[PDB]
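S.K.: The structure file work.txt (compact mmCIF, C-alpha atoms and all ligand atoms) is provided below.
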# COMPACT_ATOMS: atom_id res chain seq x y z
CA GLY A 4 0.00 0.00 0.00
CA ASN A 5 0.98 3.64 0.63
CA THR A 6 1.35 3.79 4.43
CA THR A 7 4.03 3.94 7.14
CA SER A 8 3.16 3.44 10.85
CA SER A 9 5.44 4.41 13.75
CA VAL A 10 5.32 3.24 17.39
CA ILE A 11 6.87 5.57 19.99
CA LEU A 12 8.96 3.62 22.50
CA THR A 13 9.76 4.34 26.15
CA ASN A 14 13.38 3.77 27.20
CA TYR A 15 13.66 2.43 30.73
CA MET A 16 17.30 2.60 32.00
CA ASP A 17 18.79 1.60 28.60
CA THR A 18 17.59 -1.98 29.40
CA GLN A 19 13.90 -2.09 28.46
CA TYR A 20 12.34 -0.52 25.35
CA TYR A 21 8.56 -0.77 25.04
CA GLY A 22 5.52 0.83 23.41
CA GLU A 23 1.73 0.64 23.73
CA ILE A 24 -0.80 -1.63 22.00
CA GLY A 25 -4.57 -1.77 22.40
CA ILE A 26 -6.42 -5.11 22.70
CA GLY A 27 -10.20 -5.59 22.48
CA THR A 28 -13.32 -3.44 22.14
CA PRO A 29 -13.04 -1.02 23.86
CA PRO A 30 -9.21 -1.14 23.74
CA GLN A 31 -7.35 -2.41 26.81
CA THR A 32 -3.83 -0.87 26.65
CA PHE A 33 -0.61 -2.76 27.38
CA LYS A 34 3.10 -1.92 27.53
CA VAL A 35 4.86 -4.41 25.21
CA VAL A 36 8.37 -5.25 24.02
CA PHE A 37 8.68 -5.62 20.22
CA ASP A 38 10.87 -8.71 19.99
CA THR A 39 12.59 -10.01 16.81
CA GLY A 40 13.85 -12.94 18.94
CA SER A 41 10.32 -14.43 19.24
CA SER A 42 7.17 -14.83 17.10
CA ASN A 43 4.28 -14.87 19.61
CA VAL A 44 2.10 -12.10 21.02
CA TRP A 45 1.12 -12.42 24.70
CA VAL A 46 -0.18 -10.32 27.59
CA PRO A 47 -1.05 -11.28 31.21
CA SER A 48 -4.62 -12.61 31.71
CA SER A 49 -7.35 -11.67 34.21
CA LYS A 50 -7.50 -15.51 34.70
CA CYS A 51 -3.93 -15.40 36.14
CA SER A 52 -3.89 -16.52 39.81
CA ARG A 53 -3.06 -13.58 42.12
CA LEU A 54 -0.58 -15.90 43.92
CA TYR A 55 1.70 -14.94 40.97
CA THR A 56 2.98 -11.54 42.23
CA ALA A 57 3.83 -10.53 38.62
CA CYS A 58 0.07 -10.71 37.83
CA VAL A 59 -0.68 -8.35 40.74
CA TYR A 60 1.91 -5.81 39.39
CA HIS A 61 0.97 -5.87 35.67
CA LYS A 62 -2.04 -4.98 33.48
CA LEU A 63 -4.35 -7.98 32.89
CA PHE A 64 -6.47 -8.63 29.80
CA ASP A 65 -10.15 -9.16 30.62
CA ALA A 66 -11.92 -11.02 27.80
CA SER A 67 -15.25 -10.34 29.65
CA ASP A 68 -14.90 -6.61 28.87
CA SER A 69 -14.20 -7.10 25.12
CA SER A 70 -17.08 -7.37 22.62
CA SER A 71 -14.68 -8.41 19.79
CA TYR A 72 -13.09 -11.28 21.78
CA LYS A 73 -13.25 -14.76 20.21
CA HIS A 74 -12.52 -17.80 22.41
CA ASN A 75 -9.96 -20.47 21.45
CA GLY A 76 -8.52 -21.91 24.69
CA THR A 77 -5.62 -23.94 23.20
CA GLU A 78 -2.90 -24.21 25.86
CA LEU A 79 0.55 -22.86 25.16
CA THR A 80 3.91 -22.60 26.88
CA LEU A 81 6.42 -19.95 25.76
CA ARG A 82 10.01 -20.73 26.82
CA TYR A 83 12.64 -17.94 26.76
CA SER A 84 16.29 -17.78 27.79
CA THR A 85 15.31 -15.78 30.89
CA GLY A 86 12.14 -17.62 31.80
CA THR A 87 8.84 -19.25 30.87
CA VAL A 88 5.19 -18.19 30.65
CA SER A 89 2.13 -20.41 30.22
CA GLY A 90 -1.46 -19.75 29.25
CA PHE A 91 -4.01 -20.17 26.47
CA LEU A 92 -4.80 -18.78 23.00
CA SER A 93 -7.37 -16.02 22.40
CA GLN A 94 -8.37 -13.92 19.39
CA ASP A 95 -9.20 -10.19 19.36
CA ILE A 96 -8.56 -6.89 17.57
CA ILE A 97 -5.09 -5.41 18.26
CA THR A 98 -4.21 -1.74 17.57
CA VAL A 99 -0.53 -0.97 16.79
CA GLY A 100 0.48 2.55 15.65
CA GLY A 101 -2.90 3.29 14.07
CA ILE A 102 -3.08 -0.12 12.34
CA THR A 103 -5.94 -2.47 13.39
CA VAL A 104 -5.46 -6.25 13.03
CA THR A 105 -7.36 -9.41 14.16
CA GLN A 106 -4.72 -11.42 16.00
CA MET A 107 -4.40 -14.70 17.88
CA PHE A 108 -2.44 -14.07 21.11
CA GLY A 109 -1.60 -15.70 24.43
CA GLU A 110 -3.50 -14.96 27.64
CA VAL A 111 -0.79 -15.72 30.27
CA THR A 112 -2.05 -17.40 33.47
CA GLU A 113 1.36 -18.49 34.88
CA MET A 114 3.92 -15.69 35.19
CA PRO A 115 6.97 -16.26 37.48
CA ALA A 116 8.23 -13.42 39.73
CA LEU A 117 11.72 -13.92 38.31
CA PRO A 118 12.10 -12.34 35.77
CA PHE A 119 8.62 -10.77 35.34
CA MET A 120 8.53 -8.76 38.58
CA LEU A 121 11.50 -6.90 36.91
CA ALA A 122 9.63 -6.12 33.65
CA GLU A 123 8.30 -2.53 33.27
CA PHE A 124 6.35 -3.91 30.33
CA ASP A 125 3.27 -6.16 30.54
CA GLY A 126 3.77 -8.38 27.51
CA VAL A 127 5.49 -9.03 24.20
CA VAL A 128 4.83 -8.59 20.48
CA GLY A 129 6.87 -11.22 18.58
CA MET A 130 8.46 -9.73 15.42
CA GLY A 131 9.99 -13.07 14.35
CA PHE A 132 8.86 -15.53 11.64
CA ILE A 133 5.94 -18.05 11.68
CA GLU A 134 8.56 -20.89 11.61
CA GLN A 135 9.36 -20.12 15.28
CA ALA A 136 5.79 -19.38 16.39
CA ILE A 137 4.53 -21.69 19.21
CA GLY A 138 1.29 -23.37 18.12
CA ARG A 139 2.08 -22.10 14.58
CA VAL A 140 0.01 -18.96 15.25
CA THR A 141 0.39 -16.38 12.45
CA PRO A 142 2.69 -13.56 13.72
CA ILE A 143 1.30 -9.99 13.85
CA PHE A 144 3.55 -8.52 11.09
CA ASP A 145 2.44 -11.28 8.71
CA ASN A 146 -1.21 -10.36 9.47
CA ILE A 147 -0.47 -6.62 8.95
CA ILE A 148 1.29 -7.35 5.60
CA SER A 149 -1.80 -9.34 4.43
CA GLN A 150 -3.85 -6.10 4.71
CA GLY A 151 -1.79 -4.64 1.81
CA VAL A 152 -1.44 -1.23 3.50
CA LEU A 153 2.32 -0.94 4.22
CA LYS A 154 4.62 0.77 1.66
CA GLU A 155 7.37 -1.89 2.09
CA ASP A 156 7.62 -5.37 3.59
CA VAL A 157 10.13 -4.04 6.19
CA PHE A 158 10.26 -2.73 9.77
CA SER A 159 12.93 -0.61 11.49
CA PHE A 160 14.23 -0.02 15.02
CA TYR A 161 15.67 3.08 16.64
CA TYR A 162 16.79 2.73 20.29
CA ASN A 163 17.92 5.97 21.93
CA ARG A 164 20.96 6.20 24.21
CA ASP A 165 19.21 8.71 26.40
CA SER A 166 16.77 7.40 29.01
CA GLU A 167 17.12 9.96 31.81
CA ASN A 168 16.25 13.02 29.72
CA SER A 169 12.62 14.05 29.21
CA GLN A 170 11.55 15.32 25.72
CA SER A 171 14.17 12.98 24.14
CA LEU A 172 12.29 9.99 22.41
CA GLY A 173 13.05 6.66 24.04
CA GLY A 174 12.99 4.95 20.68
CA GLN A 175 10.89 4.28 17.60
CA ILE A 176 9.64 1.43 15.40
CA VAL A 177 8.63 2.18 11.82
CA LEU A 178 6.33 -0.45 10.30
CA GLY A 179 6.63 -0.37 6.51
CA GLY A 180 9.90 1.62 6.24
CA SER A 181 12.73 3.59 7.92
CA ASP A 182 13.14 7.05 9.42
CA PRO A 183 16.13 8.96 7.90
CA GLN A 184 16.02 11.40 10.84
CA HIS A 185 17.41 8.53 13.02
CA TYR A 186 20.27 7.21 10.84
CA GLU A 187 23.09 8.56 8.71
CA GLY A 188 25.09 7.22 5.82
CA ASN A 189 23.83 4.20 3.88
CA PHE A 190 22.38 0.89 4.98
CA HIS A 191 24.73 -2.11 4.81
CA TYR A 192 22.80 -5.34 4.32
CA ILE A 193 23.57 -8.86 5.55
CA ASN A 194 21.48 -11.75 4.23
CA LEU A 195 19.80 -14.14 6.66
CA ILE A 196 21.50 -17.58 6.92
CA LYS A 197 17.93 -18.93 6.49
CA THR A 198 14.36 -17.59 6.55
CA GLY A 199 12.46 -18.30 9.79
CA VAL A 200 14.96 -16.56 12.10
CA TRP A 201 16.50 -13.04 12.20
CA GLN A 202 19.99 -14.58 12.32
CA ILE A 203 23.07 -13.73 10.25
CA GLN A 204 26.60 -15.06 9.80
CA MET A 205 29.29 -13.35 11.91
CA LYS A 206 32.88 -13.63 10.62
CA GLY A 207 34.75 -12.59 13.76
CA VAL A 208 34.71 -10.77 17.12
CA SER A 209 37.79 -8.60 17.87
CA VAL A 210 38.84 -7.23 21.28
CA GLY A 211 41.20 -4.38 20.44
CA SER A 212 43.46 -5.14 17.44
CA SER A 213 43.50 -8.97 17.24
CA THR A 214 40.53 -11.23 16.44
CA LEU A 215 40.28 -13.16 19.66
CA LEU A 216 36.90 -14.81 19.05
CA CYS A 217 34.62 -16.28 16.35
CA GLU A 218 37.64 -17.22 14.19
CA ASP A 219 36.19 -19.48 11.42
CA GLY A 220 32.73 -17.92 11.77
CA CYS A 221 29.73 -18.07 14.11
CA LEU A 222 26.06 -17.00 14.37
CA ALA A 223 24.52 -13.66 15.39
CA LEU A 224 20.85 -13.31 16.31
CA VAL A 225 19.69 -9.66 15.89
CA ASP A 226 17.40 -9.47 18.93
CA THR A 227 15.32 -6.37 19.73
CA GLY A 228 13.92 -8.03 22.86
CA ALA A 229 17.40 -8.54 24.39
CA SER A 230 18.92 -5.81 26.65
CA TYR A 231 22.56 -6.74 26.06
CA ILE A 232 24.96 -8.25 23.59
CA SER A 233 25.30 -11.95 24.57
CA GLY A 234 27.54 -14.86 23.59
CA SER A 235 27.95 -18.45 24.84
CA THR A 236 29.43 -18.96 28.36
CA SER A 237 32.69 -20.16 26.70
CA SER A 238 32.91 -17.09 24.36
CA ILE A 239 32.08 -14.57 27.13
CA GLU A 240 34.57 -15.94 29.68
CA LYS A 241 37.33 -15.51 27.03
CA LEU A 242 36.01 -12.00 26.16
CA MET A 243 35.88 -11.00 29.86
CA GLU A 244 39.36 -12.45 30.52
CA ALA A 245 40.63 -10.09 27.74
CA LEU A 246 38.76 -7.09 29.24
CA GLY A 247 39.88 -7.93 32.81
CA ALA A 248 36.23 -8.08 33.96
CA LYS A 249 35.07 -9.91 37.10
CA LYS A 250 32.13 -12.34 37.04
CA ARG A 251 29.32 -11.69 39.52
CA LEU A 252 25.98 -13.57 39.92
CA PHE A 253 24.35 -12.67 36.57
CA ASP A 254 26.57 -9.96 35.07
CA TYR A 255 30.20 -8.91 34.59
CA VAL A 256 31.80 -5.89 36.21
CA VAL A 257 34.88 -3.68 35.99
CA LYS A 258 36.26 -1.08 38.42
CA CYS A 259 34.58 2.20 37.32
CA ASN A 260 37.86 4.10 36.93
CA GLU A 261 39.06 1.42 34.45
CA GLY A 262 35.90 1.58 32.28
CA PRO A 263 37.16 4.34 29.96
CA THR A 264 40.52 2.46 29.51
CA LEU A 265 38.80 -0.62 28.00
CA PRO A 266 39.44 -1.69 24.36
CA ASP A 267 37.05 -1.48 21.41
CA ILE A 268 34.94 -4.55 20.57
CA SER A 269 34.38 -5.19 16.83
CA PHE A 270 31.78 -7.48 15.23
CA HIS A 271 32.53 -8.54 11.64
CA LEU A 272 29.21 -8.68 9.76
CA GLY A 273 28.81 -8.90 5.97
CA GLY A 274 32.36 -7.70 5.26
CA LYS A 275 31.96 -4.54 7.41
CA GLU A 276 33.35 -4.01 10.95
CA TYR A 277 30.78 -2.84 13.56
CA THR A 278 32.75 -1.25 16.41
CA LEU A 279 31.66 -0.49 19.95
CA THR A 280 33.92 1.62 22.21
CA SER A 281 33.93 1.20 26.02
CA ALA A 282 31.48 4.18 26.20
CA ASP A 283 29.06 2.02 24.14
CA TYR A 284 29.24 -1.13 26.32
CA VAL A 285 30.11 0.12 29.85
CA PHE A 286 27.41 1.40 32.21
CA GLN A 287 29.61 4.31 33.31
CA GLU A 288 27.65 5.28 36.45
CA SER A 289 30.80 6.68 38.14
CA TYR A 290 34.59 7.00 37.77
CA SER A 291 35.42 5.78 41.23
CA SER A 292 38.17 3.23 41.88
CA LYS A 293 35.96 2.21 44.90
CA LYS A 294 32.89 1.30 42.79
CA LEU A 295 32.05 -1.49 40.33
CA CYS A 296 30.58 -0.71 36.88
CA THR A 297 28.44 -3.21 34.94
CA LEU A 298 29.04 -4.23 31.33
CA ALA A 299 26.12 -4.36 28.85
CA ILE A 300 27.38 -7.80 27.69
CA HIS A 301 26.75 -11.17 29.36
CA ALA A 302 26.68 -14.93 28.86
CA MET A 303 23.54 -16.53 27.42
CA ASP A 304 23.51 -20.14 26.26
CA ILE A 305 20.79 -20.34 23.59
CA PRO A 306 19.98 -24.01 22.83
CA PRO A 307 19.57 -25.73 19.42
CA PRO A 308 18.34 -25.27 16.74
CA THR A 309 18.65 -21.44 17.05
CA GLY A 310 21.81 -21.56 19.15
CA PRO A 311 24.66 -21.77 20.06
CA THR A 312 24.58 -18.12 18.90
CA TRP A 313 25.58 -14.60 19.85
CA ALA A 314 22.69 -12.17 20.35
CA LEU A 315 22.96 -8.52 19.29
CA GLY A 316 20.52 -6.63 21.54
CA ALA A 317 19.87 -3.04 22.66
CA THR A 318 23.60 -2.47 23.32
CA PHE A 319 24.24 -3.00 19.56
CA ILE A 320 20.99 -1.36 18.24
CA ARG A 321 21.66 1.91 20.16
CA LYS A 322 24.76 2.46 17.97
CA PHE A 323 23.33 0.89 14.78
CA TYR A 324 19.84 1.75 13.43
CA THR A 325 18.41 -1.61 12.21
CA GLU A 326 16.09 -2.43 9.29
CA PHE A 327 14.44 -5.87 9.18
CA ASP A 328 13.67 -6.71 5.54
CA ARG A 329 11.09 -9.49 5.09
CA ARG A 330 10.87 -9.05 1.29
CA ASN A 331 14.57 -9.87 0.76
CA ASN A 332 15.30 -11.84 3.99
CA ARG A 333 18.14 -9.54 5.08
CA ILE A 334 19.08 -7.13 7.89
CA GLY A 335 20.33 -3.60 7.24
CA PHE A 336 22.51 -1.48 9.56
CA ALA A 337 23.29 2.24 9.49
CA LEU A 338 24.94 4.58 12.03
CA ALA A 339 22.15 5.74 14.38
CA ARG A 340 21.54 9.43 15.25
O1 LIG B 401 14.32 -13.80 27.61
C1 LIG B 401 14.68 -12.80 26.99
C2 LIG B 401 14.86 -11.53 27.81
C3 LIG B 401 13.98 -10.97 28.75
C4 LIG B 401 12.49 -11.25 28.93
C5 LIG B 401 11.79 -11.17 27.61
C6 LIG B 401 11.12 -12.30 27.15
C7 LIG B 401 10.51 -12.25 25.89
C8 LIG B 401 10.59 -11.08 25.12
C9 LIG B 401 11.28 -9.95 25.58
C10 LIG B 401 11.88 -10.00 26.84
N1 LIG B 401 14.69 -9.93 29.26
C11 LIG B 401 14.26 -9.25 30.36
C12 LIG B 401 14.22 -7.83 30.38
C13 LIG B 401 13.80 -7.09 31.49
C14 LIG B 401 13.36 -7.75 32.63
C15 LIG B 401 13.36 -9.14 32.66
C16 LIG B 401 13.82 -9.86 31.55
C17 LIG B 401 16.01 -9.98 28.95
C18 LIG B 401 17.13 -9.18 29.23
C19 LIG B 401 18.36 -9.46 28.63
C20 LIG B 401 18.48 -10.51 27.72
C21 LIG B 401 17.37 -11.30 27.40
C22 LIG B 401 16.14 -11.02 28.01
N2 LIG B 401 14.87 -12.87 25.65
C23 LIG B 401 14.71 -14.15 24.93
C24 LIG B 401 13.70 -13.99 23.80
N3 LIG B 401 14.01 -12.82 22.99
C25 LIG B 401 14.26 -11.58 23.70
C26 LIG B 401 15.30 -11.75 24.81
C1 LIG B 402 -7.84 -22.23 17.83
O1 LIG B 402 -7.38 -21.66 16.61
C2 LIG B 402 -6.62 -22.57 15.81
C3 LIG B 402 -6.12 -21.81 14.56
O2 LIG B 402 -4.70 -21.84 14.54
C4 LIG B 402 -7.45 -23.80 15.42
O3 LIG B 402 -6.56 -24.78 14.85
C5 LIG B 402 -8.12 -24.43 16.66
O4 LIG B 402 -9.11 -25.38 16.22
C6 LIG B 402 -8.82 -23.35 17.51
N1 LIG B 402 -9.42 -23.99 18.67
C7 LIG B 402 -10.70 -23.75 19.07
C8 LIG B 402 -11.05 -24.56 20.29
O5 LIG B 402 -11.47 -22.93 18.54
Just give me the structure of the file as structure tokens.
Ligand SMILES: O=C(c1c(Cc2ccccc2)n(-c2ccccc2)c2ccccc12)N1CCNCC1
Ligand SMILES: *[C@@H]1O[C@H](CO)[C@@H](O)[C@H](O)[C@H]1NC(C)=O

M.R.:
Amino acid sequence: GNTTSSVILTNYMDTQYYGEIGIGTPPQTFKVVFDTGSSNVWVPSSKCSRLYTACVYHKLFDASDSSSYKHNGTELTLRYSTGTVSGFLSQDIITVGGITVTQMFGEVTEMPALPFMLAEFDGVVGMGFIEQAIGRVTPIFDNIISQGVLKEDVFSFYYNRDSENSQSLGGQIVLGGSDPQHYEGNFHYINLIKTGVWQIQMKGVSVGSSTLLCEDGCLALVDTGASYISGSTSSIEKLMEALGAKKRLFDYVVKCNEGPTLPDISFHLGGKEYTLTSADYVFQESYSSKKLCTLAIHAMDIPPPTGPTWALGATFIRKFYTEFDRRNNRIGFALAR
């Protein structure tokens, strides 16, 4: 068609980027992450037991208040690297950036405190392919494309560096195109290894001058739902050894004074080198030799068939404006602004 639709995103602490969607008639509004690492839409349900503290602290969908709701009831379990949710399938009208679509989604009735008591968002909108959809439910972007309204069969992500500042724009998703106000130079495209997953070949990971990791190639999942850049436990422990970082419970840390002294990290993608300086990957909350500063990179062991794989999350997207091209099964990067 002839239209472009944008979704304004809120940036919470450079870790969570989410926007609003409306579900039902009248619309029930939810804060959702737009996740290229998954293919299902879900929100917490009014049928969720209140013994789940996450269901007490999040917005719940009430099918009994929606006149456009259509029952299904098929049970589903959605397993992620950080945790699992369980519930059942429902159908209703979903509003995303002015676009209205009839969508099958999950009503979550089992929502663990860890990690969901840490989510500022309520649910998730899966931006991945039908191949990875649980219960083979048609993903939302596929349903939007069927309407024949969007200018291009593409969607783009802008994640802002600034979270603290008001009047800044936390981020932005453009359905059906890109926003040239948020990137500079030209897009550099990398073809997907295969359709069904937003995953590309990575030809090397350099720490400083030498290529210390991913010699002989490896995989890179471009994941909008991930806060950090992640690699396997084996890759990260080698990376962190090179940086001189100390392993804590879930993350890696450096003495704050040493943060600025850290080397550049380069990701070799489609013949181009994508470089992050220490300012890009260190949470520089102070300069004290008496304080510990977290790194926006951690270990995450993603199981087969998708993994073992690196994941390029918000840490990477903040520097590089990303276009997800469904028409040509490729990913484009440009310097964000
Ligand atoms: O499990 C996670 C991730 C989730 C929770 C989630 C689940 C589904 C969609 C979006 C966010 N979060 C997460 C973010 C904030 C609070 C609690 C969890 C991560 C933070 C860093 C790395 C990974 C994940 N992912 C796997 C699936 N793709 C996105 C990343
Ligand atoms: C739920 O919807 C799916 C469509 O994917 C269909 O296969 C199934 O029969 C539906 N179940 C009910 C109980 O309506």

S.K.: Return as JSON the box centre and box size in Å, one decimal, for an axis-aligned box around all listed atoms of ligand LIG 401 (chain B) padded by 3 Å per side.

M.R.:
{"center_x": 14.5, "center_y": -10.6, "center_z": 27.8, "size_x": 14.0, "size_y": 13.1, "size_z": 15.7}

S.K.: Would you mind listing the residues within 7 Å of ligand LIG 401 (chain B), counting only C-alpha atoms and all ligand atoms, as a list in words?

M.R.: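 These are the residues that qualify: residues 18, 19, 36, 38, 39, 40, 41, 83, 84, 85, 86, 118, 119, 121, 122, 127, 226, 227, 228, 229, 230 and 231 of chain A.
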
S.K.: Just how far from atom CA of residue A:134 is atom CA of residue A:152, in Å to one decimal?

M.R.: 23.5 Å

S.K.: Distance table requested - chain A against ligand LIG 402 (chain B), cut-off 6 Å, all atoms listed in the file: one row per qualifying residue with the closest atom pair and its distance in Å to one decimal, ordered by chain and rising residue number, as a Markdown table.

M.R.:
| residue | atom | partner | partner_atom | distance |
| --- | --- | --- | --- | --- |
| A:75 | CA | B:LIG402 | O5 | 4.1 |
| A:76 | CA | B:LIG402 | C8 | 5.7 |
| A:77 | CA | B:LIG402 | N1 | 5.9 |
| A:140 | CA | B:LIG402 | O2 | 5.6 |

S.K.: Around the point (39.4, -8.3, 27.2) in the file's coordinates, collect all residues with an atom within 10 Å, using only C-alpha atoms, and return them as a list in words.

M.R.: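 These residues have at least one counted atom within 10 Å: residues 209, 210, 211, 215, 239, 240, 241, 242, 243, 244, 245, 246, 247, 248, 265, 266, 267 and 268 of chain A.
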
S.K.: In Å to one decimal, how far is atom CA of residue A:327 from atom CA of residue A:195?

M.R.: 10.2 Å

S.K.: One decimal, in Å: what's the spacing between atom CA of residue A:123 and atom CA of residue A:252?

M.R.: 21.9 Å

S.K.: Show which residues sit within 10 Å of residue A:154, as JSON, numbers by chain. Count all atoms listed in the file, and ignore same-chain residues fewer than 5 positions away.

M.R.: {"A": [4, 5, 6, 7, 8, 148, 178, 179, 180]}

S.K.: Could the residues in this selection be written to a file with C-alpha atoms, as a short mmCIF file (atom, residue, chain, number, x, y, z; two decimals), in the coordinates of the input?

M.R.:
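Okay, this is what ended up in out_21.cif:
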data_model
loop_
_atom_site.label_atom_id
_atom_site.label_comp_id
_atom_site.auth_asym_id
_atom_site.auth_seq_id
_atom_site.Cartn_x
_atom_site.Cartn_y
_atom_site.Cartn_z
CA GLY A 4 0.00 0.00 0.00
CA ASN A 5 0.98 3.64 0.63
CA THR A 6 1.35 3.79 4.43
CA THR A 7 4.03 3.94 7.14
CA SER A 8 3.16 3.44 10.85
CA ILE A 148 1.29 -7.35 5.60
CA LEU A 178 6.33 -0.45 10.30
CA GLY A 179 6.63 -0.37 6.51
CA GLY A 180 9.90 1.62 6.24
#

S.K.: Looking at A:166, A:260, A:70, A:105, which one is nearest to residue A:293, with distances taken over only C-alpha atoms?

M.R.: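 Closest candidate: A:260.
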
S.K.: Contacts of residue A:254 at 10 Å or less, counting all atoms listed in the file, minus same-chain residues fewer than 5 places along, as a list in words?

M.R.: residues 248, 249, 297, 298, 299, 300, 301 and 302 of chain A

S.K.: Taking 3 positions as the minimum chain separation for residues in the same chain, which residues sit within 7 Å of residue A:24 when counting all atoms listed in the file? Answer as a list in words.

M.R.: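 Here the qualifying residues turn out to be residues 32, 33, 34, 97, 98 and 99 of chain A.
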
S.K.: Have a look at A:190, A:37, A:151, A:234 and name the one nearest to residue A:306; count only C-alpha atoms.

M.R.: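 Closest residue, counting only C-alpha atoms: A:234.
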
S.K.: When distances are computed from all atoms listed in the file, which of A:169, A:309, A:93, A:331 shows the smallest separation from residue A:107?

M.R.: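 Going through A:169, A:309, A:93, A:331 one by one, the smallest distance to residue A:107 is for A:93.
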
S.K.: Return the single residue from A:57, A:104, A:51, A:133 that is closest to residue A:200, with distances computed using all atoms listed in the file.

M.R.: A:133

S.K.: With distances taken over all atoms listed in the file, which of A:167, A:145, A:276, A:304 is nearest to residue A:191?

M.R.: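 Counting all atoms listed in the file, the residue closest to residue A:191 is A:276.
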
S.K.: Using all atoms listed in the file, which residue out of A:317, A:295, A:217, A:208 lies closest to residue A:278?

M.R.: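 So, comparing all the options, the nearest one is A:208.
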